[PDB]
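Notes to accompany the following structure.
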Amino acid sequence: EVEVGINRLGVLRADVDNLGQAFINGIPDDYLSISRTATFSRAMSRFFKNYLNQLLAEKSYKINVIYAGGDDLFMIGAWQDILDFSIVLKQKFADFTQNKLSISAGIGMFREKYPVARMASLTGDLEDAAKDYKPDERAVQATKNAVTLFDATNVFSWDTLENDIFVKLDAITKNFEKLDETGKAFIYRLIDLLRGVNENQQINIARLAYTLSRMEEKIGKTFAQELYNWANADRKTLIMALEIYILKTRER
RNA sequence: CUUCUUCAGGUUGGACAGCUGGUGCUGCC
Ligand SMILES: Nc1ncnc2c1ncn2[C@@H]1O[C@H](COP(=O)(O)O[C@H]2[C@@H](O)[C@H](n3cnc4c(N)ncnc43)O[C@@H]2COP(=O)(O)OP(=O)(O)OP(=O)(O)O)[C@@H](O)[C@H]1O
Ligand SMILES: [Mg+2]
Ligand SMILES: [Mg+2]
């Protein structure tokens with residue numbers, strides 16, 4: 001049903017972080033009652049089932065939800081629908097839970113005949129890679145508040161990190177729709193030369209020099225140097241946002 | 001039976017310098 005995009009099947013596995021701990025010791029001991037525990041349980045279950053149904057039915061979503069139940073989530077649908085509903089899910093969970101419970105997800109791209117058992121297993125281990133996220137290896141236990149985006153090693157977050165990646169994605173989508181339609185061939189050049197930076201650095205600074213060299217009447221070099229500015233501090237962020245932009249805008 | 005057989009300066013200087021278009025589609029689980 002998509003016109004510009006990719007022919008991949010995206011899935012979502014959202015698991016609330018430390019819900020079992022939120023039941024063991026999350027609720028205050030002084031405010032401990034059977035009615036209050038039942039209220040919290042029913043609120044969470046109603047949230048998941050009912051509000052997932054209503055949130056998808058609010059407007060046209062290409063999602064074919066497999067399971068909501070409780071504390072878990074499975075979804076299969078259009079790849080871009082999975083990506084743009086992950087943010088909706090995180091913001092709705094934050095609003096309903098008042099930013100008290102963390103959630104983790106995992107998204108995988110699959111063909112039209114990929115093994116669905118393999119789909120689920122890969123999405124589960126990506127979910128675990130999102131569950132075991134720690135900015136620093138000093139504090140006990142994991143933050144658990146992360147999302148893996150198509151790879152177990154690509155553990156991004158939902159915080160200001162995801163804010164940055166989505167701001168970058170929106171900016172790139174707005175800017176790079178209308179190039180000269182001929183100089184855009186440098187995009188794959190950048191992608192394949194930034195795939196990993198632990199090796200010959202000569203070509204990276206060479207591409208920087210080439211971008212500086214490119215001089216005509218265009219948007220200018222404001223964003224053409226913002227690419228360089230974002231090409232050093234944010235390496236994995238730039239490659240992830242750029243790959244998301246490419247997959248969204250690929251003429252496939 | 002004379003008296004120089006060429007000497008001294010400019011050796012390239014500017015202008016453009018790669019643009020446009022396509023850009024993995026079909027067949028199978
Ligand atoms: N009222 C109540 N219900 C359930 N467990 C309760 C309660 N009071 C105390 N406890 C204790 O908590 C743990 C729960 O462990 P578990 O039995 O594995 O059960 C599942 C699941 O049945 C239950 N669950 C899921 N959804 C709900 C809702 N909506 N309401 C109540 N209970 C619910 O919680 C467990 C889910 O396990 P995980 O998803 O793996 O936990 P996690 O948050 O994802 O951890 P992490 O991977 O992020 O680190 C028992 O000890 C029980 O006695
Ligand atoms: Mg859970
Ligand atoms: Mg669970």
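Both ligands and their constituent atoms are indexed starting at 1 by order of listing. Values below: every heavy atom of this structure, side chains too, minus hydrogens, waters and symmetry copies. Reminder, nothing fancy here: chain letters follow the sequence lines and each chain counts from 1.
With sequence neighbours excluded, the residues satisfying ring-ring contact (aromatic ring centres under 6.0 Å, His included) with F223(A) are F176(A). Among residues two or more places apart in sequence or in another chain, the ring-ring contact (aromatic ring centres under 6.0 Å, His included) test is passed with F23(A) by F40(A).
The six-membered or imidazole ring of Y61(A) lies near that of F85(A), with a centre-to-centre distance under 6.0 Å.
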Quick check for students: name every N or O atom pair between ligand 1 and the protein closer than 3.5 Å, with distances.
{"unit_1": "ligand 1", "atom_1": "30 (N)", "unit_2": "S41(A)", "atom_2": "OG", "d": "3.2"}
{"unit_1": "ligand 1", "atom_1": "39 (O)", "unit_2": "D15(A)", "atom_2": "OD1", "d": "3.4"}
{"unit_1": "ligand 1", "atom_1": "39 (O)", "unit_2": "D71(A)", "atom_2": "OD2", "d": "2.9"}
{"unit_1": "ligand 1", "atom_1": "43 (O)", "unit_2": "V16(A)", "atom_2": "O", "d": "3.0"}
{"unit_1": "ligand 1", "atom_1": "43 (O)", "unit_2": "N18(A)", "atom_2": "N", "d": "3.0"}
{"unit_1": "ligand 1", "atom_1": "43 (O)", "unit_2": "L19(A)", "atom_2": "N", "d": "2.8"}
{"unit_1": "ligand 1", "atom_1": "44 (O)", "unit_2": "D15(A)", "atom_2": "OD1", "d": "3.2"}
{"unit_1": "ligand 1", "atom_1": "44 (O)", "unit_2": "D15(A)", "atom_2": "OD2", "d": "3.2"}
{"unit_1": "ligand 1", "atom_1": "44 (O)", "unit_2": "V16(A)", "atom_2": "O", "d": "3.0"}
{"unit_1": "ligand 1", "atom_1": "47 (O)", "unit_2": "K144(A)", "atom_2": "NZ", "d": "3.0"}
{"unit_1": "ligand 1", "atom_1": "48 (O)", "unit_2": "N18(A)", "atom_2": "N", "d": "3.2"}
{"unit_1": "ligand 1", "atom_1": "48 (O)", "unit_2": "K131(A)", "atom_2": "NZ", "d": "2.6"}
{"unit_1": "ligand 1", "atom_1": "48 (O)", "unit_2": "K144(A)", "atom_2": "NZ", "d": "2.7"}
{"unit_1": "ligand 1", "atom_1": "49 (O)", "unit_2": "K144(A)", "atom_2": "NZ", "d": "1.3"}

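A distance-only check finds no donor-acceptor pair linking the side chain of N64(A) to the backbone of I76(A) [under 3.5 Å]. Between the side chain of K221(A) and the backbone N or O of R214(A) there is at least one donor-acceptor pair closer than 3.5 Å. In this structure, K131(A) contributes its side chain and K144(A) its backbone to no donor-acceptor pair below 3.5 Å. In terms of modelled atom types and a separation under 3.5 Å, the side chain of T148(A) and the main chain of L126(A) share a donor-acceptor contact.
When all heavy atoms are compared, the tightest approach of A105(A) to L12(A) is CB-CD1, 3.7 Å.
Nearby protein atoms of type N, O or S around the Mg ion (ligand 3) amount to 1 (distance under 2.8 Å).
Within 6.0 Å of the CD atom in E1(A), the count of heavy atoms belonging to other residues, nucleotides or ligands does not exceed 12.
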